[PDB]
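Novice: Just the starting chains for now, same placement as in the complex:
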Amino acid sequence: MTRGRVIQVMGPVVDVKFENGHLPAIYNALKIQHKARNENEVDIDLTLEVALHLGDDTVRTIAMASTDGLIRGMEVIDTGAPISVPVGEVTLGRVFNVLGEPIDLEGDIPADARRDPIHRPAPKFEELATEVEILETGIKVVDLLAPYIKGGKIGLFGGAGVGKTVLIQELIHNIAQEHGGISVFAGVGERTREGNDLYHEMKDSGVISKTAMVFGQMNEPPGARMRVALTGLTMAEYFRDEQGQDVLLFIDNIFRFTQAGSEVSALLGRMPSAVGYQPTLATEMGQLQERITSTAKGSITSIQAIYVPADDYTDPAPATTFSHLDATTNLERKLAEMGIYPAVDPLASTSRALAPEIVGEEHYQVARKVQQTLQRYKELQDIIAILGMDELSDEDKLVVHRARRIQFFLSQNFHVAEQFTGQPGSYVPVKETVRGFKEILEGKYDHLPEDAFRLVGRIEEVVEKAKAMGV
């Protein structure tokens, strides 16, 4: 094993030279650890990722930290293996970066902890699972309009609307309470304040003791945001293939992953394409998302909020992710145009779980009734806009009667951030919520004020709060 030399630097892209014979392969982890020779120099500690072979015994790499301080002629140490992250019952509760260094600040991982490669091919078709298990999320809207397939993949792609972060934060707590399985939350480009708030919330709640997270500072060079989420996937892979206990995973964003990769891929890349994006965006994203799949041994279920620039879904970067999600909540404005939040589009959001033979038709009948009563408003809203008088030239009668009032009964209050709004709330299962659904569809409480069906927990809560609120 010999050493290498640095030749040229452009932005975060850094070139490395090597002798013949000991040339490292692609995706190998290259590490630089020098010291200052004299006063005109500054100490540097940084690691690199191999991308290309340009011939002439040269290799083009990228960085994982700030490149300020790199000087031509440095000695480059080759490890020979891809970046490796500790796995096992050592990582439960810690806070890791892209390299695997625990910034949790309690201590440093032992040098012989089981370290596994980040990059490897996804599991093959030979054994992929097919069972459809439904998860009771405990939120009426997600359980009704498009219930989540526990084991597949769920994606709150919201078209980059405001109102996702809070939803993921609430889902963490309530789903973890539902099933105390292993949980992992990874952020590919983070509002550092939001990341710290989530860490403090988890530590206060106590669920941090049975979870593990990796945070990518959005100020880090695009190498970290390109290769961060694979750390969470690797840890989930370990916890699935080592103990069989079913694991649940979160992703804060994927579009920022694509963008951060795209910038470097175009800087050193062959040529641009699309709207200035990568040439290999589809393959890069497919190799990542295709690893999150339920298997014969165990199941991985993930929640990924997706950013969509300018609220235009024709963007290829999210447009290519649709095939990788089995339950899509197209939030868009998510009724932030109305006072309502964070409701998911009541008709556009779709999933695989909408089937009488998958959910049991006892819920499908109620889903039918709710769909029919609530879809007709916007279907005739553009007409009632002009015909907004007291006239009845339109047979929109019961739709105007119900639509807004029952849309108001599409928001939960049990564990909201009272620091952000202040309202209390109580938990609700869909099993007992179907009773309130049948009651509202048959119209027992059509005489109650519309403001009394808004921001409420359960049907008994609605009726009692309505009776108390201005009778």
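Specialist: It's in. Numbering: from 1, shown residues only, chains lettered A, B, ... in the order given.
Novice: rest of the way, CA atoms for contacts and neighbours
Specialist: Fine.
Novice: So for stretch A:274-281, first residue to last residue, what's the gap.
Specialist: 10 Å (Cα to Cα, to the nearest Å).
Novice: With stretch A:21-37 instead?
Specialist: Using Cα to Cα, the end-to-end distance of stretch A:21-37 comes to 30 Å.
Novice: How about stretch A:235-248?
Specialist: Note: stretch A:235-248 ends 11 Å apart using Cα to Cα.
Novice: Any chance you could list what contacts that stretch?
Specialist: With Cα atoms under 8 Å, 6 or more residues apart in numbering as the contact definition, stretch A:235-248 has outside contacts at A:87-88, A:181-184, A:249, A:297-302.
Novice: One more pass at 7 Å, please.
Specialist: A:87, A:181-184, A:297-302 (Cα atoms under 7 Å, 6 or more residues apart in numbering).
Novice: And the residue of chain A positioned farthest from its centre, how far from residue A:79?
Specialist: The C-alpha centroid of chain A is most remote from residue A:391, which lies 47.2 Å away (Cα atoms, centre = their mean). Distance from residue A:391 to residue A:79, counting by Cα to Cα: 78 Å.
Novice: sorry, back to before: show me the contacts of stretch A:235-248 that map onto helices.
Specialist: Judged by DSSP state H, the contacts of stretch A:235-248 include no members of helices.
Novice: Report the buried members of those.
Specialist: Burial by neighbour count, judged by 16 or more other Cα atoms under 10 Å, picks out A:87, A:182-184, A:298-302 from the contacts of stretch A:235-248.
Novice: could I get these as a markdown table with distance to residue A:444?
Specialist: What follows is those, written out as a markdown table (distance: Cα to Cα, whole Å):
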| residue | distance to residue A:444 |
| --- | --- |
| A:87 | 55 |
| A:182 | 43 |
| A:183 | 41 |
| A:184 | 43 |
| A:298 | 45 |
| A:299 | 42 |
| A:300 | 42 |
| A:301 | 39 |
| A:302 | 39 |
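Novice: Closest to residue A:352 out of these?
Specialist: Using Cα to Cα, residue A:301 is the member of the buried ones among the contacts of stretch A:235-248 that sits closest to residue A:352, with 14.6 Å.
Novice: please slot chain B in as well:
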Amino acid sequence: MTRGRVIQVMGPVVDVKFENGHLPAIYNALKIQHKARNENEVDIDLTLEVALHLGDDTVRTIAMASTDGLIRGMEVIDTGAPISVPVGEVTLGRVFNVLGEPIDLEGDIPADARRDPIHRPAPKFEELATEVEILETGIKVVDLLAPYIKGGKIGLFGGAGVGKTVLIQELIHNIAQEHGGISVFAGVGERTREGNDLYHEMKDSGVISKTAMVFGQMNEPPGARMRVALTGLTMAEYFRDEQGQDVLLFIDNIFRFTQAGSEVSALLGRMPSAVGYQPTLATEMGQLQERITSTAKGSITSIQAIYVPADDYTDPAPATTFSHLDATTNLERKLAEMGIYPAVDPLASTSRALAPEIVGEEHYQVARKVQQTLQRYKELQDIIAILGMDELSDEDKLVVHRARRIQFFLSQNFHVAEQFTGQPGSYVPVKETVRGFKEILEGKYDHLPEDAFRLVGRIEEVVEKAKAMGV
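Specialist: Let me add chain B to what's already shown:
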């Protein structure tokens, strides 16, 4: 005693290679003199300017002429000094090209006259004027909506065939004859016949006595269309520096200056921006516009008629020159078509002269109310076009009825407009403009026909017009 030989000739861009170490500095006028050595050659006395140093003792230059007849191997003469212009009181009443040589058939300036190289740095901080006073013109719209600050900058954006030159000429008529100080007109990239049509007109009028005129027209090469503005601006800066007199400054079309870069810089080897404009567009425009400032030693009131290609205000050329003007008026082709002049946009044109603390509280009130009415009238066009007129409320029936009167009372006839039609012009005071807008505002003249307010000056003219017409 340095000599060079031409190497590479590309259109109006010419290369020269000099002796080692003895290169001329950047921005030094290079003269090419030659005599026809046979029947198959042409005499050439041509000038260049240093642009880039591109390695191996090479110099890449730009030319101020057609570059026709250059032969690879022609000898090069270096003057070692930038493009100089005759400067001082000698040039009053004269006309010059970009190079600083007269063309008015009045012989020539003596060869020993004082002269100054064009390029120079911008003023510092301590010598910038802070106070604001209003320079009034006589046109109702500019007098009221957006006053012209003396000692600031005024720009007149407009399309092709909207009337920026007419506005400039009428402003000359209104201001120049009644000021008493040095005046400078530096035509750049305009219709060439305007040179005659303005020179003989000013000679007939008499204000030619104490004016300076610089003519770089369209047919001239891109180098000339670049440097003509700088020549005129140095000629005006001399009088703002050394004599302290109040100096006026006109620029027919400063857009051509920044456009000629789009023609040259492609040959110079720079890659383009999203639009064909050069990547340095910001720097050249900034370094030119910064030399037009008010110092403790004098006052410059510059009027610069910026042209907007394709009527696109998202074009970088207008979209980045907004920050360099303290007052402006935008000319609307749509308003021009439907019979309003000078077709000054009342809602898009703004300025920092408009403030209640300066023009008066009642003046500010009148301006705000006019803007309110015009804004609502502009907004209601969708309703008017889609579902008739009398579907509005009772109030809007009067809001539109007054806005239609206002946008026509803003019209006027000009002394220059005496040549397009025989009807002469008028001269209006600001006090009576304010009072007339008031009397329209409280509906004193809503009974008069709406279309009778076109082509008037002060309110007495429209009164006597409604009197004279039988209706």
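Novice: same question on the contacts of stretch A:235-248, but with chain B included?
Specialist: If you take Cα atoms under 7 Å, 6 or more residues apart in numbering or on different chains as the criterion, stretch A:235-248 is touched by A:87, A:181-184, A:297-302.
Novice: Check which residues of it are buried.
Specialist: Within stretch A:235-248, the residues that count as buried by 16 or more other Cα atoms under 10 Å in any protein chain shown are A:235-241, A:246-248.
Novice: mind checking how far that stretch is from the chain centre?
Specialist: Remark: stretch A:235-248 is offset 18 Å from the chain centroid, using Cα atoms, centre = their mean, to the nearest Å.
Novice: How many residues are close by residue A:422?
Specialist: By other Cα atoms under 10 Å in any protein chain shown, the residues close to residue A:422 number 10.
Novice: Give me the three-state assignment for it.
Specialist: Look at residue A:422: counting by DSSP: H, G, I helix; E, B strand; the rest coil, its state is coil.
Novice: And for the one 3 residues further on?
Specialist: Secondary structure assignment for residue A:425 (three-state DSSP): coil.
Novice: distance of the nearest residue to it once chain neighbours are set aside from residue A:468?
Specialist: Excluding the flanking residues, the one nearest residue A:425 by Cα to Cα, 6 or more residues apart in numbering or on different chains is residue A:414, at 3.4 Å. Counting by Cα to Cα, the gap from residue A:414 to residue A:468 is 19 Å.
Novice: what comes into contact with stretch A:162-176?
Specialist: Stretch A:162-176 is contacted by residues A:137, A:305, A:342, A:415 when judged by Cα under 7 Å, 6+ apart.
Novice: Looking only at neighbour counts, state which of residue A:414 and residue A:468 leads.
Specialist: For residue A:414 versus residue A:468, neighbours defined as other Cα under 10 Å are more numerous around residue A:414 (19 against 10).
Novice: Surely the more buried one is in contact with residue A:424?
Specialist: Yes: assessed by Cα atoms under 7 Å, residue A:414 is found in contact with residue A:424 at 6.3 Å.
Novice: and the contacts of stretch A:235-248 as JSON lines, adding distance to residue A:165?
Specialist: Formatted as JSON lines, the contacts of stretch A:235-248 follow (distance: Cα to Cα, whole Å):
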{"residue": "A:87", "distance to residue A:165": "27"}
{"residue": "A:181", "distance to residue A:165": "21"}
{"residue": "A:182", "distance to residue A:165": "20"}
{"residue": "A:183", "distance to residue A:165": "17"}
{"residue": "A:184", "distance to residue A:165": "15"}
{"residue": "A:297", "distance to residue A:165": "31"}
{"residue": "A:298", "distance to residue A:165": "28"}
{"residue": "A:299", "distance to residue A:165": "24"}
{"residue": "A:300", "distance to residue A:165": "21"}
{"residue": "A:301", "distance to residue A:165": "18"}
{"residue": "A:302", "distance to residue A:165": "15"}
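Novice: following sequence is chain C, add it:
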Amino acid sequence: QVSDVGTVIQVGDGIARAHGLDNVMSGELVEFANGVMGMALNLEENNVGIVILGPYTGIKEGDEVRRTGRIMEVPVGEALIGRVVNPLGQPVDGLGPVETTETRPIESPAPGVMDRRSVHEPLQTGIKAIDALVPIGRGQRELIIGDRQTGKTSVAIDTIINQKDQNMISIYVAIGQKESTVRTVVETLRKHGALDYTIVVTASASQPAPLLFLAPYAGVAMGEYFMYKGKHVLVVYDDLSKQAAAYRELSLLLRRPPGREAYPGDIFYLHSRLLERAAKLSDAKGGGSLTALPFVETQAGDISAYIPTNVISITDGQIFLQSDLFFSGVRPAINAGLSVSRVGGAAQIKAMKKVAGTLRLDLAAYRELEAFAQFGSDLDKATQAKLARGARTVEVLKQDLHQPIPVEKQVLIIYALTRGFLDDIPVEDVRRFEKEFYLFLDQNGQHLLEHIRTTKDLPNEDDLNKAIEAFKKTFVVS
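Specialist: Adding chain C to what we have so far:
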């Protein structure tokens, strides 16, 4: 003496290509043997692409550069208070050069994630609309965007001026601002008396693109030293659009590949470094705090553009200004519909949290119903009361220029019943009503607002219901 001396080959467009420098370290400062500065950015295989800081006329071929090994630094210190400086530190208004010697690297690591806190300290902006509807903490990153002359600079001026009775230091960074306008702003600041704490850094149009690029970094670096001291620092930008334009021009000159709309790839990795060096520092690193208000320009509020799309995803809150509303009579044209704030509630006092929790709902409902009733013929009169109340409460949310209204006087006017008291002639009463109410409180009921100042929460409403009744009786109807 030991050094590594280079050789300048190509000069043009403020760019110099140097060959040699066997000991060249990326990002260092270098001089061109003419007293001018320079920076090294593109360390190609056999040449160094140096970026020229300042005038480049005097440089030619053959000049030799001298290494310095100095990471690009800017002086900081307490003597900078009240100073207007070039990003290198030298003042532009004479007054003698800078005095403090403490320096910091322009490119420095951002504060760690574990060292931050849930920002729970309000900021007293003093403008009614932004105060009530879009709160600002002491470490938040609010974004302000809009069209030209929609009042963004006026909002910045009001925000910086209102800091007259707090422990705040305000840092102004005017990127691309015209020099005469910068002088006018300095004169206004001196006339209002805010130079006792303000550090203003200016970069004219005539300044080179490298300086226009480095100016915001210099400002934030100056802010960081005061941050670690334990103070609170406010940093206000200008024309990050022009900052991005300058960086795009530089990247195109250095022959880097261009991305979409000619912007280089690392624009986002640049803006993230620019913005994410502001937060709240816990006691573990000193109880400091720093908030920033980057500004972005746009055409008619069109947020489809690449730079606004890159910026809005970073900032914790976006403030929209629209000339459409601004010409309509809403002088502080805060578009309350599309303006959000990810620190809502926790950035408002225990009184504003009580009173303003319904005002945004009422305004949204007013716009919701008036969208249906953009025409007022044969409307359903049952819902018209809320339309009237929204119309007569939106009138409250505006104030004139150079008028900082204190939160204590603001909370009474935006009280959840003050949005719903008499309003006998609301179309014209309320404007003079609020001024006469402030004078009435300051001459008669100063104790009422003294309780609000001392408690940060509402007193018993009857104790102030009496004052409201007395003021209604005394005030002359209109």
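Novice: Please re-evaluate the contacts of stretch A:235-248 in the presence of chain C.
Specialist: With Cα under 7 Å, 6+ apart as the contact definition, stretch A:235-248 has outside contacts at A:87, A:181-184, A:297-302.
Novice: isn't residue C:144 right up against residue C:296?
Specialist: Yes: the pair residue C:144 and residue C:296 passes the contact test of Cα under 7 Å, sitting 6.4 Å apart.
Novice: Can you classify residue C:7 by secondary structure?
Specialist: Secondary structure, three-state DSSP: residue C:7 is strand.
Novice: same thing with residue C:202?
Specialist: Under three-state DSSP, residue C:202 falls in the strand class.
Novice: Over to residue A:284?
Specialist: State at residue A:284, reduced to three classes by three-state DSSP: helix.
Novice: Next: residue A:215.
Specialist: Three-state call for residue A:215 (three-state DSSP): strand.
Novice: Can you give me every residue that contacts it?
Specialist: A:96-97, A:186-187.
Novice: quick one: which of those residues sit in strands?
Specialist: The members of the contacts of residue A:215 that map onto strands under DSSP state E are A:96, A:186-187.
Novice: In JSON lines, list the residues you listed along with neighbour count and distance to chain C.
Specialist: Shown next, in JSON lines, are those (neighbours: other Cα atoms under 10 Å in any protein chain shown; distance: Cα to the nearest Cα, whole Å):
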{"residue": "A:96", "neighbour count": "24", "distance to chain C": "12"}
{"residue": "A:186", "neighbour count": "26", "distance to chain C": "14"}
{"residue": "A:187", "neighbour count": "25", "distance to chain C": "13"}
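Novice: can you count the residues close to the residue in the stretch 201-350 of chain A that chain B sits nearest to?
Specialist: For the stretch 201-350 of chain A and chain B, the shortest gap (Cα to the nearest Cα) falls at residue A:276, measuring 12.2 Å. The tally of other residues near residue A:276 (other Cα under 10 Å) stands at 18.
Novice: which residues does residue A:224 contact?
Specialist: Residue A:224 touches A:64, A:98, A:216, counting by Cα under 7 Å, 6+ apart.
Novice: List the residues that contact the residue nearest to residue C:84 when sequence neighbours are not counted.
Specialist: Residue nearest to residue C:84 in three dimensions, not counting chain neighbours: residue C:200, with 5.0 Å by Cα to Cα, 6+ apart. Taking Cα under 7 Å, 6+ apart, we find residue C:200 in contact with C:83-85, C:171-173.
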